[PDB]
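# Chains, contacts and geometry: an overview
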Amino acid sequence: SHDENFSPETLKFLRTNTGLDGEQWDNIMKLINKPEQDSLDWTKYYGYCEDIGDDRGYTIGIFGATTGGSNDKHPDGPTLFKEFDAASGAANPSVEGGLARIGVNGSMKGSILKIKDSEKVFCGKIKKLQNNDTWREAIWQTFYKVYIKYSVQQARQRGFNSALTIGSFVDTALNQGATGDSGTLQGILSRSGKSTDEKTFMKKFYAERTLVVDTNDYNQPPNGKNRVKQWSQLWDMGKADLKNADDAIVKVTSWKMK
């Protein structure tokens, strides 16, 4: 059952704030997970925690939140722990409160979360949260603040409300950044023109994304090209709503990752 992949509070939150239901979000996450982990099984990443050696600290959860380092001085990991404190009922949510609730030895060192626990101890503490609804809720609240809200706003200001447009935008924001430089979702949108027809606008969007998706280590070629093709192909398969789309999603994700 796809909704076992959320929590009731996450489903209500995503419905109110995105217009999409659990099937639609489950499908978006399968499509995002293919190029990130070479699997449609995104749910098993709620408790994911690894330092992959990219000088971003620890990479956590379903959307690769990071604790921070020399190549990630504005991490969203602290926001995730503060959102976990908030979800846990904290009167004055803080990073330190969220860490305190799971007994993590760490502190903010400026913009960076410095973990004093060993990799083994820290990763084990996060793994224990795999089935914790409070953690799942903090994960989605963080995902929303950093990537999804902007993605939904950009779709909605154009009169685009489809699951496939929102997921296309969220994948771009997650992979390439929401706002800032020319390669971000913001940047791609700025070059995607002014078509008021959703399918037409998105065809141009995919083409403009594809020009940069294998640059700047967003993806390794030709994985970024295949990543964008996933989203573009679902239009002619009639899956704008990402409902009853399980076979279509298996088909468009069947590419081999280099």
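The deposited coordinates, according to the entry record, derive from X-ray crystallography at 1.680 Å resolution.

For the protein chain, the name recorded in the PDB entry is Chitosanase, with Paenibacillus dendritiformis as its organism. According to its PDB record, this entry is titled "crystal structure of Csn-PD from Paenibacillus dendritiformis".

In the structure shown here, the tally under the stated rule is 13 salt bridges. Close ionic contact of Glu9 with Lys12 constitutes a salt bridge, the shortest N to O distance being 2.7 Å. One end of the pair, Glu9, and the other, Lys12, are both in helix α1 (residues 8-18), three residues apart, so they sit about a helical turn from each other. Accessibility expressed as a relative area gives 45% for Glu9, which makes it partly exposed. In this structure, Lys125 and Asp117 form a salt bridge, with 3.0 Å as the shortest nitrogen-oxygen distance.

Position of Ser168 relative to the elements: it lies in helix α7 (residues 163-176). A relative accessible area of 1% means that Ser168 is categorised as buried. At 2.7 Å, the side chain of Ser168 and the backbone oxygen of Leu164 are in polar contact. Not counting chain neighbours up to four residues away, the residues in contact with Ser168 comprise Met202, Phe205, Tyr206, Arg209 and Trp231.

Scoring rules and cut-offs
In this document, residue positions are counted from 1 along each chain in sequence order, independent of how the entry numbers them, and residues without coordinates are left out. Values reported for side chains reflect all heavy atoms of the structure, with hydrogen atoms and water molecules removed beforehand. Whenever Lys or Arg places a side-chain nitrogen within 4 Å of a carboxyl oxygen from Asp or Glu, that contact is recorded as a salt bridge. Numbering of helices and strands runs from the N terminus, with a helix taken as a DSSP run of H or I at least four residues long and a strand as a DSSP run of E at least two residues long. Burial here depends on accessible area, computed with a 1.4 Å probe over protein chains only, as a share of the maximum for the residue type. Under 20% is buried, over 50% is exposed, and the range in between is partly exposed. N or O atoms within 3.5 Å of each other form a polar contact, as long as, within protein, one can give a hydrogen and the other can take it, and as long as residues adjacent in sequence are counted only when both atoms are side-chain atoms. It only takes one pair of heavy atoms within 4.5 Å for two residues to be counted as in contact.

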